[PDB]
Amino acid sequence: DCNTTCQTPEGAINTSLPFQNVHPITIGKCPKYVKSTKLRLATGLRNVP
Amino acid sequence: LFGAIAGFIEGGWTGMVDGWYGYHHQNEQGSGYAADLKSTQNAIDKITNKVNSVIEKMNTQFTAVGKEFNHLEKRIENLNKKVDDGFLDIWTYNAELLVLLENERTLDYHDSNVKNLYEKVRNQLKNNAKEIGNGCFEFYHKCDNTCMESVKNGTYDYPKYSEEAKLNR
Amino acid sequence: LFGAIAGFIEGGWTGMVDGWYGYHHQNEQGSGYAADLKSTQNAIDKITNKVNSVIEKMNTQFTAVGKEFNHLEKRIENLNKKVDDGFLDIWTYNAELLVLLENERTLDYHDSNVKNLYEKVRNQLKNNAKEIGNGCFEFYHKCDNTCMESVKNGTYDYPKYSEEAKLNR
Amino acid sequence: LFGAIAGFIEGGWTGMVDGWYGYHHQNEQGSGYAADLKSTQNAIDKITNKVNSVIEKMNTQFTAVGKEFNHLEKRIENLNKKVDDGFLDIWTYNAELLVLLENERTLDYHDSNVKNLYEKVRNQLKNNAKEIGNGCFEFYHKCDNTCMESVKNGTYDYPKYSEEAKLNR
Amino acid sequence: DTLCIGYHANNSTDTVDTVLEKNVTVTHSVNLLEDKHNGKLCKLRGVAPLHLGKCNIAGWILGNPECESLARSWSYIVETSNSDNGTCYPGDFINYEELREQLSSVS
Amino acid sequence: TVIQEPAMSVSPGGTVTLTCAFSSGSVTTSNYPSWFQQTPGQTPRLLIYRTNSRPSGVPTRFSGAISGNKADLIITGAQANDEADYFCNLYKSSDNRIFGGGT
Amino acid sequence: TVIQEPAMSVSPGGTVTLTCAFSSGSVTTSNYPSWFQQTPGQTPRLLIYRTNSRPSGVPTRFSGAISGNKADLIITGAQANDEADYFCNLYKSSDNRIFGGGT
Amino acid sequence: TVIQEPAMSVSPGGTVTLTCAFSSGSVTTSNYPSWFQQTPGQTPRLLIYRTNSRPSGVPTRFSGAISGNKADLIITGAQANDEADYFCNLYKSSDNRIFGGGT
Amino acid sequence: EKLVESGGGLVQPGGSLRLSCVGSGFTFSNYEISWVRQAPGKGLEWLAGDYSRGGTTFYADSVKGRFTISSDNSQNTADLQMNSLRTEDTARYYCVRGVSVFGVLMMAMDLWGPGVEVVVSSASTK
Amino acid sequence: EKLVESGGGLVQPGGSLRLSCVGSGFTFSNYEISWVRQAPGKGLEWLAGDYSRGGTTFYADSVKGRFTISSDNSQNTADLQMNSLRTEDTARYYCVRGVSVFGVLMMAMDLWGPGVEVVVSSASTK
Amino acid sequence: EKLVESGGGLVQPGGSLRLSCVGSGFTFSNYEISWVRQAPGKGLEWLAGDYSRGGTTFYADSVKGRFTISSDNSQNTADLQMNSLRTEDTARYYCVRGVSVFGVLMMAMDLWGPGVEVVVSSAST
């Protein structure tokens, strides 16, 4: 018993993130499937201790 | 790349946690780190807007990706496979390249902010101080806490210590 | 971000309608505004090329979006619908992000042009004039209209006024 | 755009082939060109990474673009055409725009490197040399090949020639 | 009296990729990719799925006698990999996949 | 250290100002003054941070400012729920975050 | 004000230069000289703008330049339809755009 | 010109150093020292370039350094295949790339 | 293609008058609309200018405080309102268009209207 | 959204005691976890702070070298370990959280826990 | 990967000659082609260098005005033409290949050709 916006055969995705790499077969309002493994957006500055 | 982070300022400060850019002052009353409230706040707002633009501009609709075709429709199944793979390729390329470019933009934004802060302090002080090289200014006069918080606010008073700086030069 | 627009030049001029970046001169013979012809013309050409690249690089073929399927072909109808909304999301995200980044590029371009103009005038005047703050130089000698036009044309003569500047400094 | 390439340095050196950014020294024991090893190597590595990111971030799967339909499946054939043309337009626009912006980034990167090298030399020399023109410093002392090599290495000794420079200034 | 201008650093190990160099240590970084799922088949738009355990849609809509164990509305259908109970009497189901598409979600 | 008034009182419906100061220095926005409220026997509550910001649950009547080299918390129209100890936190350094004596 | 020659004439097929000057200053490219032609009883027609640029309808024989601190309009091979009044407009400020007397 | 030792000898299993100097200047990394090996009657091969970089086929025992205003090639554990003429190339200008005499 | 002016006539000294200029064949959005008057016998005189998209209005020192120029890009109209008209304001008025690219005026008045005659004589009509 | 502390009690002087704080309703990743002690009659005293994502640990001069604070974001816990406890260390301890956006602390100790009492009296339990 | 040289022989003093070098197994576009000669008994001597994609040509002072080097990336060839050959020009000539990344020469002459012997002796054949 849940409420989810995106379902895949393995489970539900609950996020506002625009991309996902769990499953191509999705039902609902779902993030776009990409074959990436790491999409990290730099927010702070370059760490130079 | 504006040559500040890793440029003429070769190190970061770990004791400065209240902001991203700022000042370290050493006078007779003491020494300490202080953040530049205006620049830090502006940078935080801009980066927040950047993240929100990257995330929220993606609109989606209720989709049911995945269809069932019997053996006599292997062509429509192949067409569906083509549609899926093309979209996957497009989105992968777009996501990776967008992240790669945006990281560059963010890092140069921070570099620009540091350089601009340095330029502002320099143009305020003029010849009342001297540039030692690592992002620091040695004052030719005596700048107390009040004078320092004047520098960190944009209200420096060059024709108040001009005579003392001229004597000590 | 360079630090000119909103930085050390904290205001624009409504009176300078002949161009984008220019000079305001005041001497004993007159005062007035004057656009920098070379930088303004180059900027206008470059922005025209940018707009034309964003617009004319979109190639389109004769398309007939819109297909008709009966009640026994719901799967092909859903496949067509899927193609449609996928293209819709791709184009929406791409267009929005492209415009968002191109606006940044344009504003940074204008800021860089203003900063470069200031740097050119600074390197031409050298110590024959002083930086009095908001993007302005006070001459240590007498600049008539010919001297000012030489500054704005790029052919300033440092040895000619060097002696007078030394005397007044 | 920073202002170095085509800005205050109005021309390149055909005779410098060992690097992209560098120095031309002239003293009483010779004249010659010498590229800056650190900046050139860093730029080479960064451009290599840029090209590899543009090329290798594009994944591909085994595809069989091209389908066969009889005269009674014209609608599915038109759907296949729509998919093909939509993908063609998306990829064409994305490729042209990506190349167009990436070239701007590369040229601006090289300009930034030239400006930063000039700034490093300027901040090293301080008033021991004067800036005469198009990125040229005229020494107030007598720099031999050891002193010039020190300037190009990052280990210039201002207190050592400070007194001689003051006498000649 | 000295006034130095500087920036913030921390002992963070999160790296980001940049168009000019890889593995750049930054002070902070957000994630644009989701890799985790809760591992359950939960309700969509507040409506539970139609779960056909050992039946497929054919057997459920035809009335297989091993389907009596199994809603007035649903958002999607869930079939198991072992749902082999369908048309018990041999034959062909005409436009079966069309029926499955129409029955995918009913108000 | 941080100097605070040891006890002040107000009449209901009136206004009051609580003052936080340094023993030897000056209070600046760079010190990020914060004001907490603690009913005796209860966990402290964040009233004000950064001298002008209130969390999403603090009543509007609480306000903050920096006046005369000191940090000020202004309570306008105090109810009977405002009878509590008010603490000021001043940020001097990363390792030095000084709480006030209390009021 | 702007000073212009009040009248000049040439024989058909010849060349002529028309001069436009300031009363007290100097004419520069930044002043944007513009040259208009007006046949008597007709609306003015733009011949030259920005000292060297002609619109898509002006014959090639009309040219412009800046010489000797003045703005010059050169007509090469004067025809019979080139008999008109010629005006020069100089831009001095946003509120100050001065037309010549005429020729 | 470039001065090199005309002839040197080493014992098997030992270490040897070959030096390369300018006639009147100082050798730096900017001179891009390179070291080649030539068995007599055969084409020269590239052992070291840029004073520390080895091609993908050169044994690890060959190394390079810059010491005392000279470029040095170090051979550790010389076998019988190391009996050859060794040349040093120094870059002075685009039109001036000087080869050593040989060792 | 063309600019047509209307609203001329005869007014008494101290009166007021409005001239309108309607443009056809192009859009008023990317141009500046100026008003130029030619007195009988004398030369041209620039009076006022309006860039509606930039919201900028410029007036000559002779007609400052008397003339007011407004524009409407939706209807492609440009109006000039004259108050406290003097006897020296009798002239033929032209609604002229000036080229502006990317918000920058290039001092090129390329298209002129036929013009409308305005007389501020105090004599009565016969 | 709550923070719950555990591990209080009685410890003889010179001993060691470990306090744990577990949070529910949020993620420890985007916050700094600090420990604040209140002695009977006296006021609050800030002791230590930990930003686990940034890997930064800060200690007051009074407890430097004795106390050690660690955090585990996966299990959503923060542990403070106290060594060489003195008689003046008896107090009520609070696990407070502070807001940190983009790795930058904003000095907003918004959420506090109920606290755990620590008595470092040398007397025996009666 | 090899560079094969051709065109050697015997010429009279004051004569002209032309050597050609054909490369197999790689592309001449991303490399710089140079010519190095070894005299009998003496050491190596760099003569000329050509970077065809950059359109750059460099000559040693000993052969300036006499030697002309040309390259053709389409046919993967590089030619050297000698005019007014002196008696001191008798040597073995090598067509060497140098690494160039992004249009920048790395001073790495990694591949060499077998070489061609050129004799400018005035004696009869």
# chains A, B, ... in the order shown; residues from 1 in each chain; ligands from 1
call {"tool": "residues_around", "arguments": {"residues": "region 22-33 of chain A", "least_positions_apart": "2", "cutoff": "10 Å", "atoms": "only C-alpha atoms", "output": "PDB file with N, CA, C and O atoms, in the first residue's frame"}}
result
ATOM      1  N   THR A   4       2.720   6.297  -5.291  1.00  0.00           N
ATOM      2  CA  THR A   4       3.909   6.585  -6.077  1.00  0.00           C
ATOM      3  C   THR A   4       3.499   7.199  -7.403  1.00  0.00           C
ATOM      4  O   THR A   4       2.366   7.017  -7.856  1.00  0.00           O
ATOM      5  N   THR A   5       4.422   7.936  -8.012  1.00  0.00           N
ATOM      6  CA  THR A   5       4.184   8.545  -9.310  1.00  0.00           C
ATOM      7  C   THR A   5       4.868   7.802 -10.446  1.00  0.00           C
ATOM      8  O   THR A   5       4.535   8.042 -11.611  1.00  0.00           O
ATOM      9  N   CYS A   6       5.798   6.898 -10.144  1.00  0.00           N
ATOM     10  CA  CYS A   6       6.521   6.168 -11.175  1.00  0.00           C
ATOM     11  C   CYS A   6       6.760   4.743 -10.710  1.00  0.00           C
ATOM     12  O   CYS A   6       7.322   4.528  -9.632  1.00  0.00           O
ATOM     13  N   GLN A   7       6.368   3.781 -11.538  1.00  0.00           N
ATOM     14  CA  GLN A   7       6.461   2.369 -11.206  1.00  0.00           C
ATOM     15  C   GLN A   7       7.281   1.643 -12.261  1.00  0.00           C
ATOM     16  O   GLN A   7       7.144   1.901 -13.458  1.00  0.00           O
ATOM     17  N   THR A   8       8.134   0.726 -11.806  1.00  0.00           N
ATOM     18  CA  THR A   8       8.927  -0.148 -12.639  1.00  0.00           C
ATOM     19  C   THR A   8       8.754  -1.557 -12.090  1.00  0.00           C
ATOM     20  O   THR A   8       8.392  -1.717 -10.916  1.00  0.00           O
ATOM     21  N   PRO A   9       9.006  -2.587 -12.903  1.00  0.00           N
ATOM     22  CA  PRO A   9       8.803  -3.965 -12.440  1.00  0.00           C
ATOM     23  C   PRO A   9       9.526  -4.286 -11.144  1.00  0.00           C
ATOM     24  O   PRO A   9       9.024  -5.066 -10.330  1.00  0.00           O
ATOM     25  N   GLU A  10      10.697  -3.693 -10.935  1.00  0.00           N
ATOM     26  CA  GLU A  10      11.427  -3.910  -9.696  1.00  0.00           C
ATOM     27  C   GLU A  10      10.875  -3.112  -8.524  1.00  0.00           C
ATOM     28  O   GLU A  10      10.928  -3.594  -7.391  1.00  0.00           O
ATOM     29  N   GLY A  11      10.349  -1.914  -8.754  1.00  0.00           N
ATOM     30  CA  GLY A  11       9.853  -1.122  -7.645  1.00  0.00           C
ATOM     31  C   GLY A  11       9.473   0.278  -8.085  1.00  0.00           C
ATOM     32  O   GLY A  11       9.464   0.587  -9.273  1.00  0.00           O
ATOM     33  N   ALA A  12       9.158   1.113  -7.106  1.00  0.00           N
ATOM     34  CA  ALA A  12       8.694   2.465  -7.362  1.00  0.00           C
ATOM     35  C   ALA A  12       9.843   3.455  -7.242  1.00  0.00           C
ATOM     36  O   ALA A  12      10.752   3.286  -6.426  1.00  0.00           O
ATOM     37  N   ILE A  13       9.796   4.489  -8.075  1.00  0.00           N
ATOM     38  CA  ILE A  13      10.725   5.607  -8.013  1.00  0.00           C
ATOM     39  C   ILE A  13       9.967   6.822  -7.503  1.00  0.00           C
ATOM     40  O   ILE A  13       8.958   7.222  -8.093  1.00  0.00           O
ATOM     41  N   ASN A  14      10.448   7.402  -6.406  1.00  0.00           N
ATOM     42  CA  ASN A  14       9.848   8.593  -5.814  1.00  0.00           C
ATOM     43  C   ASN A  14      10.926   9.669  -5.706  1.00  0.00           C
ATOM     44  O   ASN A  14      11.678   9.723  -4.732  1.00  0.00           O
ATOM     45  N   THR A  15      11.004  10.526  -6.721  1.00  0.00           N
ATOM     46  CA  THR A  15      11.971  11.610  -6.710  1.00  0.00           C
ATOM     47  C   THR A  15      11.544  12.696  -7.680  1.00  0.00           C
ATOM     48  O   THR A  15      10.707  12.475  -8.558  1.00  0.00           O
ATOM     49  N   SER A  16      12.139  13.873  -7.511  1.00  0.00           N
ATOM     50  CA  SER A  16      12.010  14.965  -8.460  1.00  0.00           C
ATOM     51  C   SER A  16      13.164  15.009  -9.450  1.00  0.00           C
ATOM     52  O   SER A  16      13.191  15.890 -10.314  1.00  0.00           O
ATOM     53  N   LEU A  17      14.108  14.089  -9.343  1.00  0.00           N
ATOM     54  CA  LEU A  17      15.289  14.081 -10.192  1.00  0.00           C
ATOM     55  C   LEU A  17      14.900  13.745 -11.629  1.00  0.00           C
ATOM     56  O   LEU A  17      14.045  12.888 -11.857  1.00  0.00           O
ATOM     57  N   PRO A  18      15.507  14.407 -12.615  1.00  0.00           N
ATOM     58  CA  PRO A  18      15.025  14.261 -13.993  1.00  0.00           C
ATOM     59  C   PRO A  18      15.465  12.984 -14.685  1.00  0.00           C
ATOM     60  O   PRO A  18      14.876  12.636 -15.716  1.00  0.00           O
ATOM     61  N   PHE A  19      16.470  12.276 -14.177  1.00  0.00           N
ATOM     62  CA  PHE A  19      16.984  11.090 -14.843  1.00  0.00           C
ATOM     63  C   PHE A  19      17.053   9.922 -13.871  1.00  0.00           C
ATOM     64  O   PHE A  19      17.230  10.108 -12.665  1.00  0.00           O
ATOM     65  N   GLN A  20      16.907   8.713 -14.411  1.00  0.00           N
ATOM     66  CA  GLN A  20      16.964   7.489 -13.625  1.00  0.00           C
ATOM     67  C   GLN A  20      17.558   6.375 -14.470  1.00  0.00           C
ATOM     68  O   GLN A  20      17.481   6.399 -15.699  1.00  0.00           O
ATOM     69  N   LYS A  35      21.568   5.599 -19.709  1.00  0.00           N
ATOM     70  CA  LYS A  35      22.516   4.536 -19.420  1.00  0.00           C
ATOM     71  C   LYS A  35      23.701   5.022 -18.602  1.00  0.00           C
ATOM     72  O   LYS A  35      24.708   4.314 -18.506  1.00  0.00           O
ATOM     73  N   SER A  36      23.602   6.207 -18.010  1.00  0.00           N
ATOM     74  CA  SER A  36      24.667   6.740 -17.186  1.00  0.00           C
ATOM     75  C   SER A  36      24.704   6.035 -15.833  1.00  0.00           C
ATOM     76  O   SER A  36      23.725   5.447 -15.373  1.00  0.00           O
TER      77      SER A  36
ATOM     78  N   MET B  58      12.344  19.918 -16.662  1.00  0.00           N
ATOM     79  CA  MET B  58      11.961  18.645 -17.259  1.00  0.00           C
ATOM     80  C   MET B  58      10.484  18.387 -16.998  1.00  0.00           C
ATOM     81  O   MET B  58      10.084  18.120 -15.862  1.00  0.00           O
ATOM     82  N   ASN B  59       9.673  18.465 -18.045  1.00  0.00           N
ATOM     83  CA  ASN B  59       8.258  18.144 -17.958  1.00  0.00           C
ATOM     84  C   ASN B  59       8.038  16.707 -18.402  1.00  0.00           C
ATOM     85  O   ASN B  59       8.710  16.216 -19.313  1.00  0.00           O
ATOM     86  N   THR B  60       7.105  16.030 -17.744  1.00  0.00           N
ATOM     87  CA  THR B  60       6.795  14.648 -18.056  1.00  0.00           C
ATOM     88  C   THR B  60       5.287  14.460 -18.097  1.00  0.00           C
ATOM     89  O   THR B  60       4.527  15.209 -17.477  1.00  0.00           O
ATOM     90  N   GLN B  61       4.865  13.449 -18.843  1.00  0.00           N
ATOM     91  CA  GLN B  61       3.465  13.078 -18.959  1.00  0.00           C
ATOM     92  C   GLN B  61       3.297  11.621 -18.567  1.00  0.00           C
ATOM     93  O   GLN B  61       4.259  10.849 -18.567  1.00  0.00           O
ATOM     94  N   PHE B  62       2.067  11.253 -18.219  1.00  0.00           N
ATOM     95  CA  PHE B  62       1.778   9.868 -17.881  1.00  0.00           C
ATOM     96  C   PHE B  62       2.042   8.979 -19.085  1.00  0.00           C
ATOM     97  O   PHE B  62       1.358   9.082 -20.107  1.00  0.00           O
ATOM     98  N   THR B  63       3.040   8.112 -18.973  1.00  0.00           N
ATOM     99  CA  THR B  63       3.467   7.265 -20.071  1.00  0.00           C
ATOM    100  C   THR B  63       3.427   5.811 -19.627  1.00  0.00           C
ATOM    101  O   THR B  63       3.549   5.502 -18.441  1.00  0.00           O
ATOM    102  N   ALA B  64       3.247   4.924 -20.598  1.00  0.00           N
ATOM    103  CA  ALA B  64       3.158   3.495 -20.339  1.00  0.00           C
ATOM    104  C   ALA B  64       4.153   2.743 -21.206  1.00  0.00           C
ATOM    105  O   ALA B  64       3.771   1.809 -21.918  1.00  0.00           O
ATOM    106  N   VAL B  65       5.415   3.174 -21.187  1.00  0.00           N
ATOM    107  CA  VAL B  65       6.481   2.568 -21.977  1.00  0.00           C
ATOM    108  C   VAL B  65       6.454   1.056 -21.825  1.00  0.00           C
ATOM    109  O   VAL B  65       6.545   0.529 -20.712  1.00  0.00           O
ATOM    110  N   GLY B  66       6.323   0.351 -22.942  1.00  0.00           N
ATOM    111  CA  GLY B  66       6.227  -1.091 -22.917  1.00  0.00           C
ATOM    112  C   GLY B  66       4.928  -1.585 -23.514  1.00  0.00           C
ATOM    113  O   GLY B  66       3.849  -1.308 -22.983  1.00  0.00           O
ATOM    114  N   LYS B  67       5.018  -2.317 -24.621  1.00  0.00           N
ATOM    115  CA  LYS B  67       3.848  -2.847 -25.299  1.00  0.00           C
ATOM    116  C   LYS B  67       4.072  -4.323 -25.581  1.00  0.00           C
ATOM    117  O   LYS B  67       5.200  -4.818 -25.564  1.00  0.00           O
ATOM    118  N   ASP B  84      12.525   3.379 -28.610  1.00  0.00           N
ATOM    119  CA  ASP B  84      13.062   3.360 -27.254  1.00  0.00           C
ATOM    120  C   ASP B  84      14.563   3.634 -27.226  1.00  0.00           C
ATOM    121  O   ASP B  84      15.033   4.468 -26.442  1.00  0.00           O
ATOM    122  N   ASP B  85      15.324   2.946 -28.080  1.00  0.00           N
ATOM    123  CA  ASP B  85      16.774   3.117 -28.092  1.00  0.00           C
ATOM    124  C   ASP B  85      17.187   4.510 -28.547  1.00  0.00           C
ATOM    125  O   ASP B  85      18.154   5.077 -28.027  1.00  0.00           O
ATOM    126  N   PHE B  87      15.542   7.333 -28.108  1.00  0.00           N
ATOM    127  CA  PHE B  87      15.284   8.205 -26.973  1.00  0.00           C
ATOM    128  C   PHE B  87      16.344   8.012 -25.900  1.00  0.00           C
ATOM    129  O   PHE B  87      16.828   8.988 -25.318  1.00  0.00           O
ATOM    130  N   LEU B  88      16.706   6.758 -25.633  1.00  0.00           N
ATOM    131  CA  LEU B  88      17.707   6.463 -24.617  1.00  0.00           C
ATOM    132  C   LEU B  88      19.036   7.106 -24.983  1.00  0.00           C
ATOM    133  O   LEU B  88      19.687   7.729 -24.137  1.00  0.00           O
ATOM    134  N   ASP B  89      19.431   6.983 -26.248  1.00  0.00           N
ATOM    135  CA  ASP B  89      20.684   7.550 -26.723  1.00  0.00           C
ATOM    136  C   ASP B  89      20.686   9.068 -26.602  1.00  0.00           C
ATOM    137  O   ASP B  89      21.649   9.662 -26.094  1.00  0.00           O
ATOM    138  N   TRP B  91      18.854  10.993 -24.671  1.00  0.00           N
ATOM    139  CA  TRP B  91      18.808  11.470 -23.295  1.00  0.00           C
ATOM    140  C   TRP B  91      20.135  11.242 -22.587  1.00  0.00           C
ATOM    141  O   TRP B  91      20.584  12.085 -21.806  1.00  0.00           O
ATOM    142  N   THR B  92      20.790  10.116 -22.860  1.00  0.00           N
ATOM    143  CA  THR B  92      22.102   9.875 -22.279  1.00  0.00           C
ATOM    144  C   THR B  92      23.092  10.947 -22.711  1.00  0.00           C
ATOM    145  O   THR B  92      23.761  11.557 -21.865  1.00  0.00           O
ATOM    146  N   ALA B  95      22.173  14.423 -21.164  1.00  0.00           N
ATOM    147  CA  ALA B  95      22.426  14.502 -19.733  1.00  0.00           C
ATOM    148  C   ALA B  95      23.913  14.603 -19.428  1.00  0.00           C
ATOM    149  O   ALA B  95      24.336  15.486 -18.666  1.00  0.00           O
TER     150      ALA B  95
ATOM    151  N   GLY C  86       7.488  12.008 -26.560  1.00  0.00           N
ATOM    152  CA  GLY C  86       8.929  11.960 -26.394  1.00  0.00           C
ATOM    153  C   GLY C  86       9.624  13.077 -27.144  1.00  0.00           C
ATOM    154  O   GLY C  86      10.517  13.744 -26.610  1.00  0.00           O
ATOM    155  N   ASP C  89       8.994  16.338 -25.165  1.00  0.00           N
ATOM    156  CA  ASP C  89       9.866  16.570 -24.014  1.00  0.00           C
ATOM    157  C   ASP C  89      11.289  16.889 -24.447  1.00  0.00           C
ATOM    158  O   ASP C  89      11.927  17.786 -23.877  1.00  0.00           O
TER     159      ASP C  89
ATOM    160  N   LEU E  33      20.730  11.882 -10.777  1.00  0.00           N
ATOM    161  CA  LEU E  33      20.401  10.533 -11.195  1.00  0.00           C
ATOM    162  C   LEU E  33      19.876   9.745 -10.009  1.00  0.00           C
ATOM    163  O   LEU E  33      20.394   9.840  -8.894  1.00  0.00           O
ATOM    164  N   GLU E  34      18.839   8.957 -10.261  1.00  0.00           N
ATOM    165  CA  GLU E  34      18.265   8.091  -9.244  1.00  0.00           C
ATOM    166  C   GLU E  34      18.535   6.635  -9.579  1.00  0.00           C
ATOM    167  O   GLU E  34      18.236   6.173 -10.682  1.00  0.00           O
ATOM    168  N   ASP E  35      19.096   5.919  -8.608  1.00  0.00           N
ATOM    169  CA  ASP E  35      19.475   4.531  -8.788  1.00  0.00           C
ATOM    170  C   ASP E  35      18.726   3.570  -7.880  1.00  0.00           C
ATOM    171  O   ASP E  35      18.896   2.357  -8.032  1.00  0.00           O
ATOM    172  N   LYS E  36      17.910   4.060  -6.953  1.00  0.00           N
ATOM    173  CA  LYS E  36      17.278   3.229  -5.943  1.00  0.00           C
ATOM    174  C   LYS E  36      15.777   3.130  -6.171  1.00  0.00           C
ATOM    175  O   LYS E  36      15.146   4.048  -6.701  1.00  0.00           O
ATOM    176  N   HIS E  37      15.215   1.994  -5.763  1.00  0.00           N
ATOM    177  CA  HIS E  37      13.780   1.748  -5.801  1.00  0.00           C
ATOM    178  C   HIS E  37      13.379   1.043  -4.515  1.00  0.00           C
ATOM    179  O   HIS E  37      14.192   0.333  -3.917  1.00  0.00           O
ATOM    180  N   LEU E  44      -0.703   3.616  -8.079  1.00  0.00           N
ATOM    181  CA  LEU E  44      -0.485   4.727  -8.998  1.00  0.00           C
ATOM    182  C   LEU E  44      -1.712   5.626  -8.967  1.00  0.00           C
ATOM    183  O   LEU E  44      -2.834   5.159  -9.185  1.00  0.00           O
ATOM    184  N   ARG E  45      -1.494   6.914  -8.696  1.00  0.00           N
ATOM    185  CA  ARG E  45      -2.561   7.914  -8.629  1.00  0.00           C
ATOM    186  C   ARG E  45      -3.626   7.527  -7.600  1.00  0.00           C
ATOM    187  O   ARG E  45      -4.812   7.801  -7.774  1.00  0.00           O
ATOM    188  N   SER E  75      -5.226   0.950 -11.873  1.00  0.00           N
ATOM    189  CA  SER E  75      -4.351   1.823 -12.642  1.00  0.00           C
ATOM    190  C   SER E  75      -3.409   1.065 -13.566  1.00  0.00           C
ATOM    191  O   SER E  75      -2.972   1.628 -14.572  1.00  0.00           O
ATOM    192  N   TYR E  76      -3.078  -0.183 -13.246  1.00  0.00           N
ATOM    193  CA  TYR E  76      -2.279  -1.038 -14.115  1.00  0.00           C
ATOM    194  C   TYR E  76      -2.420  -2.483 -13.660  1.00  0.00           C
ATOM    195  O   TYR E  76      -2.814  -2.738 -12.520  1.00  0.00           O
TER     196      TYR E  76
END
call {"tool": "residues_around", "arguments": {"residues": "residue 17 (chain I)", "least_positions_apart": "4", "cutoff": "12 Å", "atoms": "only C-alpha atoms", "output": "ChimeraX atom specification"}}
result
/I:6-13,66-68,79-86,89-90,117-120
call {"tool": "closest_residue", "arguments": {"among": "J:95, J:32, J:39, J:102", "to": "chain A", "atoms": "only C-alpha atoms"}}
result
J:102
call {"tool": "select_by_dssp", "arguments": {"residues": "chain D", "states": "helix (DSSP H, G or I)", "output": "VMD selection string"}}
result
chain D and resid 37 to 56 71 to 128 145 to 153 158 to 168
call {"tool": "residues_around", "arguments": {"residues": "region 20-33 of chain G", "least_positions_apart": "6", "cutoff": "8 Å", "atoms": "only C-alpha atoms", "output": "PyMOL selection string"}}
result
(chain C and resi 34-35+37) or (chain G and resi 1-5+49-51+66+69-72+88-92+100) or (chain I and resi 107)
call {"tool": "residues_around", "arguments": {"residues": "residue 30 (chain B)", "least_positions_apart": "4", "cutoff": "12 Å", "atoms": "only C-alpha atoms", "output": "number ranges by chain"}}
result
B: 24-26, 143-145, 148; E: 1-3; F: 24-25, 92
call {"tool": "write_last_selection", "arguments": {"atoms": "N, CA and C atoms", "output": "compact mmCIF listing (two decimals), in the first residue's frame"}}
result
# COMPACT_ATOMS: atom_id res chain seq x y z
N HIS B 24 40.52 37.10 5.70
CA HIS B 24 41.22 36.77 6.92
C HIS B 24 42.04 37.98 7.33
N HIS B 25 41.78 38.50 8.52
CA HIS B 25 42.39 39.74 8.97
C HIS B 25 43.26 39.48 10.18
N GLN B 26 44.40 40.18 10.24
CA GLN B 26 45.33 40.13 11.36
C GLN B 26 45.74 41.55 11.71
N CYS B 143 45.09 49.67 10.51
CA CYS B 143 43.64 49.44 10.26
C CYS B 143 43.14 48.63 11.46
N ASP B 144 42.34 49.24 12.33
CA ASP B 144 41.73 48.56 13.50
C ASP B 144 40.49 47.79 13.06
N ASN B 145 39.75 47.20 14.00
CA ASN B 145 38.57 46.43 13.64
C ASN B 145 37.56 47.27 12.87
N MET B 148 38.69 47.62 9.34
CA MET B 148 38.55 46.36 8.62
C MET B 148 37.11 46.09 8.23
N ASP E 1 49.59 44.84 9.91
CA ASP E 1 48.17 44.63 9.66
C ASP E 1 47.95 44.06 8.28
N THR E 2 47.32 42.89 8.21
CA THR E 2 47.18 42.17 6.95
C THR E 2 45.72 41.81 6.72
N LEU E 3 45.28 41.91 5.47
CA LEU E 3 43.96 41.46 5.06
C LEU E 3 44.09 40.58 3.83
N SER F 24 34.51 42.40 24.99
CA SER F 24 35.62 43.24 24.55
C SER F 24 35.52 43.71 23.11
N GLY F 25 34.64 43.13 22.29
CA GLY F 25 34.59 43.50 20.89
C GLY F 25 33.31 44.18 20.47
N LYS F 92 31.77 33.58 16.79
CA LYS F 92 33.05 34.25 16.72
C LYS F 92 34.04 33.53 15.81
